[PDB]
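Participant:
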Amino acid sequence: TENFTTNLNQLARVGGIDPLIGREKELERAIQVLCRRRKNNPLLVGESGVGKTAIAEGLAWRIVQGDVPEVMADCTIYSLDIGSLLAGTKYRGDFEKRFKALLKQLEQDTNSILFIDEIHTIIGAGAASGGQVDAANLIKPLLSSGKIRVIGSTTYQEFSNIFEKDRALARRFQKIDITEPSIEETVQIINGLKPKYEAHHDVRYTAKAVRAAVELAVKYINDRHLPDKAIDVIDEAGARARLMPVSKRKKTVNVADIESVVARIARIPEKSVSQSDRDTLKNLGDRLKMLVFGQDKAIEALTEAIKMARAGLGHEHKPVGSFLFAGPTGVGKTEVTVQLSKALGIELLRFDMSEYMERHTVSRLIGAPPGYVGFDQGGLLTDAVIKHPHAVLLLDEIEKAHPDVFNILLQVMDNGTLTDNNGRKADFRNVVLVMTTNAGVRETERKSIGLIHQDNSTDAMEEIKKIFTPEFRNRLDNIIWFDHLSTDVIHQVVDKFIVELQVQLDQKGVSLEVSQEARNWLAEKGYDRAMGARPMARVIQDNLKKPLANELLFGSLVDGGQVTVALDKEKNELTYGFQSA
Amino acid sequence: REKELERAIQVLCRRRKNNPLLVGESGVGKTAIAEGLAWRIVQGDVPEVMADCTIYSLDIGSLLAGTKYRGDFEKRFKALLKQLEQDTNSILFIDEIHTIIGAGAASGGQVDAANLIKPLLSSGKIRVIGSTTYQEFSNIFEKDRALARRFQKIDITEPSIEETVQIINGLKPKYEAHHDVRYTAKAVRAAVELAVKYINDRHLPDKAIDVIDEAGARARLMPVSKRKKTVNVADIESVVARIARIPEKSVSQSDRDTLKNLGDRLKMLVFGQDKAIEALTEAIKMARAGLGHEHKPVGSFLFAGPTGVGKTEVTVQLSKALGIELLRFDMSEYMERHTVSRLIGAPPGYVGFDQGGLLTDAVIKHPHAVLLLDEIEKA
Amino acid sequence: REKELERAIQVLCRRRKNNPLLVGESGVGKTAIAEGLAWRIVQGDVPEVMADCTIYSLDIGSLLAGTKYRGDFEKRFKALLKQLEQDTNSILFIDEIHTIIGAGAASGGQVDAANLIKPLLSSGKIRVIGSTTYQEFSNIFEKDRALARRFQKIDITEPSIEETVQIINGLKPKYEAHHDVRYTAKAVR
Amino acid sequence: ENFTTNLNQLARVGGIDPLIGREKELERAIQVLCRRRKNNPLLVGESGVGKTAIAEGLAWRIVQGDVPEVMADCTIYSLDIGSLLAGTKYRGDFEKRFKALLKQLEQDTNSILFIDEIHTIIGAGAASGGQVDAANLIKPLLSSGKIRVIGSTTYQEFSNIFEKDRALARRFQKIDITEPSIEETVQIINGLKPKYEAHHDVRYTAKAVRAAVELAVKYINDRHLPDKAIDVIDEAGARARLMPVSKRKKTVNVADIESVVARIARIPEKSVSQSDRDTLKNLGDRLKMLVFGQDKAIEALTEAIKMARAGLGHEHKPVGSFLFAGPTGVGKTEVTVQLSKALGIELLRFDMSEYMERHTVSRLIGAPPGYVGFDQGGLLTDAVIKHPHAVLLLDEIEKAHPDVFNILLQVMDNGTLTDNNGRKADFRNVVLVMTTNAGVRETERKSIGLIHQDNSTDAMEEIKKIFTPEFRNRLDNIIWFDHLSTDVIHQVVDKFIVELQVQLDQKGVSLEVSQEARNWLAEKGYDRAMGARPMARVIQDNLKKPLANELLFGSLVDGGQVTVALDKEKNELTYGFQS
Amino acid sequence: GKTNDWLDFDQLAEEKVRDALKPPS
Ligand SMILES: Nc1ncnc2c1ncn2[C@@H]1O[C@H](COP(=O)(O)OP(=O)(O)OP(O)(O)=S)[C@@H](O)[C@H]1O
Ligand SMILES: Nc1ncnc2c1ncn2[C@@H]1O[C@H](COP(=O)(O)OP(=O)(O)OP(O)(O)=S)[C@@H](O)[C@H]1O
Ligand SMILES: Nc1ncnc2c1ncn2[C@@H]1O[C@H](COP(=O)(O)OP(=O)(O)OP(O)(O)=S)[C@@H](O)[C@H]1O
Ligand SMILES: Nc1ncnc2c1ncn2[C@@H]1O[C@H](COP(=O)(O)OP(=O)(O)OP(O)(O)=S)[C@@H](O)[C@H]1O
Ligand SMILES: Nc1ncnc2c1ncn2[C@@H]1O[C@H](COP(=O)(O)OP(=O)(O)OP(O)(O)=S)[C@@H](O)[C@H]1O
Ligand SMILES: Nc1ncnc2c1ncn2[C@@H]1O[C@H](COP(=O)(O)OP(=O)(O)O)[C@@H](O)[C@H]1O
Ligand SMILES: Nc1ncnc2c1ncn2[C@@H]1O[C@H](COP(=O)(O)OP(=O)(O)O)[C@@H](O)[C@H]1O
Ligand SMILES: [Mg+2]
Ligand SMILES: [Mg+2]
Ligand SMILES: [Mg+2]
Ligand SMILES: [Mg+2]
Ligand SMILES: [Mg+2]
Ligand SMILES: [Mg+2]
């Protein structure tokens, strides 16, 4: 049975298999169970990445080295490959004879231990058509008598859903729980494993790189356990140096390389922002101000919040920034958010909250619970942010949604993690949560029934408190109140729309020229403080786009031309000088 | 895909768990990156480490063929792994890796393909390249934490417009030969830009390559004689128009005459209320002429007036003249707030979830149509 | 049905993803276009490029029936693809394609029939013609975006009254001979 | 093949009963069978209608020659589902067997396959029938159209398996099958009469065959009309053939077969007898003899029921329109069960108090989450459908939501209650009665006046107010139960004592009750509002509770001879114990 | 507003069985 079972001691002697550091309490309990009279079959149950196989495989490494109790010395540990047992078991009884013969060898020497990784598999292996004769029944009578010792290793999910079902087999196996190690316990493990990884990549790791890898992975890599998680950052870091030229950075990997690897794994911006990104970040405020005017206060809050995150002063577990942009209509609340993601080159997560008007609609964000038709679909918000952890989350018209939906965002702003129906935890630490609401629009624009008209600006704030619970408003970084667009900024907005018009006309091959006098006429004609700048988009469409459209289809503008717009002082009307060219 | 490939080589060169995983949305060329790795190896662009390496594609269907007897699948699976371990320089590529979770499953046995390969991935003896979508990776693959721990996820994202055009230029000689036609530089530029603006529910690499491929068959097969060797921008626009149901450059074609008589024809069928016809006919002209908003509908008009004056007639007679479907929605049914579910379907975990939304499904079926919400105030 | 057929031929001639899907309501000639494509090929109305091509009508129920094993389905299914892969001009017709996506050949697992043909369709090795209703297309189909990407969608609309009366005229000889009766033109209208 | 029996071959050699009637239904099969496409007939009918007879009878026409020229060489084979599934032990082995038979039949032209109980093989998911996924091997032949198949699916299954599946529905032509008329049923038996007579060697009387069908469908209430008649006729011949050891009666009579129906129906022969007029004539004498009190209320009910059974009025309307209204505890419930026991109809109790919530109203028509479970249907509808002759007892109807009252108004007017599933229920033969404990609070209400002696004595006015005027018009007459007298209560106490004495006889313990003891129990156990309801608890606490203490330990363990007495001064019950 | 109604989803169970062989001689 040499092909089905390998001798770990032989492998550990000629080479090395993950030298175990620590785990004295875990290995002592396992040795205690293995020294029992009956049911001396430990079961290393733990989460993936907690060193279950390391403890079993490392036991052999310890035995050869000699740091084991005298009772455990002289013993041989064998690893069972369940795939090799069922290799040629075509004929009836090939598995039973093959498996039973293997157990006889262990009983003869009476000093050998069997390691069966993924022990949950043997529960049903060996059934040909409808029989219960399997490795579980074939081993069962030999485990309760203490003739042989077998070490098992399986995950909690497999142990609870499969292994725990067989009460008879579970009783024979003594569940030895394995707990994730601490931050300090992990650095000593990497130090013991470092000589094996250094030789593979022919590099060297610094004392600070190891401490940073463990700490940085725990913060950002929240999907795997600490022992495997930290090793991934170390193993992948050395690979970069090997791929890089032998002369530039092949000797050693600095701490800067560790943060770069973790950033790519978590899809988050790396620390020590380069000068290239700094130029874009510094100019973010100026670029935004060229597309949105009259709301410089809001741009400052958004840009400043992002700077704190990159600079390293961001919140420990809260998002980059949580804001509730409230104000009049058409004042740039959604435009600033749509133009923020483009400036930073990140995905835009636009959510229309006018659809989440019912309590039952919350299942779309976090997914339906288990046992329902909607379990496969999953949460739309949790899935969207997992694929794009670095993005801008926009909840347009959040006030329209039911108050129940607001409660979901309490942990998104206080803790930064949302638990999906499947159990995974979304991460909002690098998400710029932005919310827009038009609450108080009726109240602020209303006219008081009195002699002295009143400043109803303070009425929207009161509505914000009635709709949003204090616990929700307290989590927000700050509430920015947008102001009505003045006559001076309206002129800039007109230029923006005219520029967009030129882009449309440029595709057709015709160039537009509008005199400054005409621009002022359009501004005063469609200037409505209460209605924002959306009416300005219609005074241009009716005055400029409508004549051009008729000429483009029926006129000289079919081919590339140079149209001009002018205002006659006598009539105060627009004149369109269409030219065929 | 230099950034995506660079990380793949780094993971493959790792001491343990050197099995990269390519997780991305469908249509982002995940298989192309894995399959394209072998192509680069032949040319020699890859580094010296990746040189002299062979990439094998696993056919799970064939592996599970004729394995009715016990132990047949285990022998085939453990025979291939031995070959990879012995070579020490081969790499396995498993397309749609979410299938190995249940592969080889028995009546009551839990000896799956993943369980057998599991001890070989953590050790680092073999290297495996996977490619699964986000939906399959979470619902079917992420559930097995043990297997996922042995793989390194690589997030692939749809390339930008500037990057997609370069991809088509590299693939263009393959499509040109098959379709015996030539694609102009502007044609490729238009397909990428037009696809993003009009084609939806598909990613940019697939979208752009669909317009380019379909355009070759049209020019090669639509004209029986007097064929067009080249493929100009006009042809690409028509193909995109068929996929998305609306044209962008045929407005100065015979349809041009229809827009001129649209206002006059409506006046004949509906007398009076000329101001309303002018609003609809001018909005369509601006949209078709290329002066649209590009982020809003063609037009949103709230026709308010007395009963029987033409509010529900101009709209009905606007679809017939334009030859487009009429999405008639009577708002008298949506009297309560709970009726909104009928428009956008019920949320997950509730009855009627599979039914979907009437308004959303209707618009998806007929994107080019007139949406009529009669008696909106009653809602 | 020349308009609908022309769209299908354009898709079949594509280098990749040449797998048209006929989407239409019940009783709208969903299978009359696939079956009739073979009739056109034999007669010769199809373009020259489509000549020498053979349409195969797959029966999922018959193939899936009698497996009683884990590998019997893949044994026969892969054998079918091997035949089609050998003949580059061969075309497959899968009536009611929505059945494979739900549960092709596996329950409580993930080795489905669709996954087997996913890589082949992406490479253009085989041509597959599918037929599924709008109701079975939005709920069952499109859930696995990967399979939906390979299959193009051809819109099928219910014909007008003038089109159906002409269609019945072509079918009159078959029905008349079967029943040994005559149908007056006025009766058909 | 061995799996299927050739009906044409079987009909040629005999052994198949002839088909009587069903011309309109049978002709539809020939129409669809001759079709070029979609020529697979589907026989959707309830159990007992005779779906198999229609198929067997169809083959008789082919061999006889009463079919078109195309159907001359046609041959019909009946598939045996039991033979295929038996011995498989492997999901898929059954499918291999079907293919072999299908290939053999596909070779031969003009072949039909009568798949009996087709629903069992094509069940959507896990089923208690075939348990095989035959959808795979059913759509191919149906779509191909080479061989046509006849399916005898039930109405219930057709609405779910065939309707949901487009492929099955698009390749099957539904043929509705209904129960034959009563006049047609006797004609069917008359045609088949010689076969059974020749076997049993007895001659049935013309009056017996006619009367048997009327009492069979009413008293059995288990199967459908066609199966009952063929069963009772066969059962009657066997009983009379071997009833005496030596004697025998070749002739048959109505009274003879009546005894046979009693066994299968589990009802006494007296009630099973066709003497409805006799029981109706002495209905008041029977109720007054079985139960005491409310004589005026009982007498009014008998006159009204006689009006409905006379046959006058609209037959579609319900027979029972009675609204009981009086204090509980006076036997209001007892007359509803005694009336049903005498007439032989079943008893269905539906308490309105449970059906109080607005959502609960929907349960009567259908279960909210019962999408898979369409067999149960609505709670009220299923009970009426299974039992078409049964009394409906509604309690506390006054405290119901307004929508519930409208459900009763519809049946009172049209007489037919529709179901969401689509089942049609008829209340023509169902008597409806409802009780309301209203007005008792108004009577027992303490007057606000200073003297407090004000009595209402006008509880009938409150009854009309709690109910809408529309409901009052539909009901022809309302029953009112007068307050019981102290003398009548004494008889109720004896009822509980008799039951206690019978229970003690199994242990050999006697029980003596004095005349003075009964007076104490009557007053203590009778309440104005609750009537005799406390009597059960009062009898138990006073008599049974102490008894058990002594019976467990004391002289009463053996010997019995129990005695009860009460002291006159304190008016407390003291029970003497004797060994 | 009327209360909402949730609908459960039941998953069917079907498995494949292997087959052992016995040679006659
Ligand atoms: N004390 C330790 N000393 C050395 N390495 C350790 C230690 N604890 C954990 N490890 C590391 O943990 C890994 C071994 O455990 P895993 O790879 O998680 O195996 P496992 O626990 O059997 O996995 P599954 O997925 O749960 S079957 C290697 O990276 C080891 O180096
Ligand atoms: N401050 C601004 N600068 C430039 N364009 C603006 C500005 N405010 C509004 N617009 C224009 O108006 C539209 C954007 O309006 P939004 O900012 O989305 O409105 P809002 O503030 O969210 O309020 P609503 O309409 O009540 S949801 C675009 O067409 C912009 O071009
Ligand atoms: N970088 C690239 N170079 C060349 N072709 C590419 C690239 N990215 C995408 N494509 C094209 O994208 C199309 C689809 O590629 P696939 O490999 O099928 O995508 P995929 O996302 O792996 O698909 P699945 O397997 O269905 S999720 C082909 O035309 C590819 O050539
Ligand atoms: N301006 C019109 N020209 C011609 N026919 C008209 C006109 N107005 C009404 N009709 C006729 O009257 C019918 C109803 O007119 P509609 O405009 O559809 O009514 P409506 O505005 O929907 O009415 P409500 O629902 O009462 S507000 C049309 O279908 C025509 O037959
Ligand atoms: N119209 C009819 N003419 C002649 N005999 C009939 C007629 N209807 C029913 N029968 C008789 O009643 C029986 C009907 O056939 P069955 O095989 O009992 O029907 P079935 O529907 O298969 O019954 P199940 O299995 O109890 S649902 C036979 O005994 C027939 O002779
Ligand atoms: N264009 C056509 N020419 C001739 N017959 C047609 C045409 N379209 C449909 N039919 C006929 O109408 C029916 C179409 O059925 P089909 O749409 O394939 O069914 P299903 O929707 O159930 O798959 C067939 O009887 C077919 O012969
Ligand atoms: N007239 C009566 N004769 C005899 N017992 C009666 C009479 N009226 C009431 N009772 C007693 O009171 C009970 C009341 O009926 P029961 O079915 O027990 O409860 P409910 O009235 O709640 O339906 C009778 O079963 C019986 O024990
Ligand atoms: Mg392990
Ligand atoms: Mg907005
Ligand atoms: Mg792929
Ligand atoms: Mg109207
Ligand atoms: Mg069809
Ligand atoms: Mg009572």
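Protein chains in written order, with the deposited numbering: chain C, 169 to 749; chain D, 191 to 569; chain E, 191 to 379; chain F, 170 to 748; chain S, 2 to 26.
Ideal Cβ placement from N, Cα and C applies to all residues, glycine included.
Determine the chain D residues that contact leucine 306 of chain E at a beta-carbon separation under 7 angstroms, and present them in chain order.
Facilitator: Result: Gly251.
Participant: If you drop the 5 nearest sequence neighbours on each side, which residues of the same chain put their C-beta closer than 6 angstroms to that of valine 600 of chain C?
Facilitator: Cβ neighbours of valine 600 of chain C beyond the five flanking positions: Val488, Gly489 and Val560.
Participant: Taking the C-alpha atoms as reference points, what is the distance between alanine 431 of chain F and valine 371 of chain F?
Facilitator: Straight-line Cα distance between these residues: approximately 21 angstroms.
Participant: Compare the C-beta of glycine 219 of chain E against all C-beta atoms of chain F and say whether one is closer than 9 angstroms.
Facilitator: No, its Cβ sits nowhere closer than 9 angstroms to a Cβ of chain F.
Participant: Quick check: the segment 203-223 of chain F against the segment 322-334 of chain F, are there 3 or more CB pairs under 8 angstroms?
Facilitator: With the cut-off at 8 angstroms, the segment 203-223 of chain F and the segment 322-334 of chain F touch.
Participant: Cα-Cα, which of F/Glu515, F/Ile554, F/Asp572 and F/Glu192 is closest to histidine 528 of chain F?
Facilitator: With distances taken between Cα atoms, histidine 528 of chain F lies closest to F/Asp572.
Participant: Let's test the definition: count the other Cβ atoms within 10 Å of the Cβ of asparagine 209 of chain D and tell me whether it reaches 16, buried, or not, exposed.
Facilitator: Classification of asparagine 209 of chain D: buried, given that the 10 Å Cβ count is 16 or more.
Participant: Can you confirm whether the segment 487-506 of chain F touches the segment 643-651 of chain F when touching is taken to mean that 3 or more C-beta pairs between the two stretches lie within less than 8 angstroms?
Facilitator: The segment 643-651 of chain F vs the segment 487-506 of chain F: in contact.
Participant: Could you spell out the range, first to last residue, of the beta strand (DSSP E) harbouring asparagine 175 of chain C?
Facilitator: It spans 173-175 - the beta strand (DSSP E) in which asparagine 175 of chain C sits, taken as one unbroken run.
Participant: Can you tell me whether DSSP reads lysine 343 of chain F as helix, strand or coil?
Facilitator: Strand, per DSSP.
Participant: If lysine 397 of chain C and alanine 385 of chain C are in contact, beta carbons under 8 angstroms, what's the gap, nearest whole angstrom?
Facilitator: That pair is a contact at about 5 angstroms.
Participant: Among C/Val661, C/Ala434 and C/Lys634, whose alpha-carbon lies nearest the alpha-carbon of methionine 458 of chain C?
Facilitator: The shortest Cα separation from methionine 458 of chain C among C/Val661, C/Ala434 and C/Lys634 belongs to C/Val661.
Participant: Taking 9 angstroms as the CB-CB cut-off, is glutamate 526 of chain C touching chain S?
Facilitator: It does; some Cβ of chain S falls within 9 angstroms.
Participant: Identify every residue that forms a DSSP beta bridge with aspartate 520 of chain C.
Facilitator: For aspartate 520 of chain C, which the question treats as bridged, DSSP gives the partners C/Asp564.
Participant: Tell me, please, whether the segment 444-455 of chain D touches the segment 708-727 of chain C by the rule of three or more beta-carbon pairs shorter than 8 angstroms.
Facilitator: A contact exists between the segment 444-455 of chain D and the segment 708-727 of chain C.
Participant: Does ligand 11 have even one heavy atom less than 8 angstroms from the beta-carbon of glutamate 565 of chain D?
Facilitator: Yes, the beta carbon of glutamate 565 of chain D sits closer than 8 angstroms to at least one heavy atom of ligand 11.
Participant: Within 9 angstroms of any Cβ in chain C, is that where the Cβ of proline 25 of chain S sits?
Facilitator: It does not; no Cβ of chain C falls within 9 angstroms.
Participant: Given a cut-off of 9 angstroms on the beta-carbon distance, is the pair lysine 364 of chain D and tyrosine 373 of chain D in contact?
Facilitator: Cβ distance not < 9 angstroms, so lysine 364 of chain D and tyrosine 373 of chain D don't count as in contact.
Participant: What are the boundary residues of the beta strand (DSSP E) that includes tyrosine 246 of chain E?
Facilitator: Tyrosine 246 of chain E -> beta strand (DSSP E) spans 245-248.
Participant: Does any residue of chain S bring its CB to less than 9 angstroms from the CB of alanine 255 of chain C?
Facilitator: No, because no Cβ of chain S sits closer than 9 angstroms to the Cβ of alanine 255 of chain C.
Participant: Provide the residue span of the alpha helix (DSSP H) that contains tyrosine 365 of chain E, from first to last.
Facilitator: Element bounds for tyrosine 365 of chain E: 351-369.
Participant: Closer than 8 angstroms, Cβ to any Cβ of chain S: which residues of the segment 283-303 of chain F, in chain order?
Facilitator: Listed by position, the residues of the segment 283-303 of chain F near chain S (Cβ gap below 8 angstroms) are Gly294 and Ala295.
Participant: What first and last residue would you give for the beta strand (DSSP E) that runs through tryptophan 649 of chain F?
Facilitator: Looking at the DSSP string, the run of the beta strand (DSSP E) that includes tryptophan 649 of chain F is 646-649.
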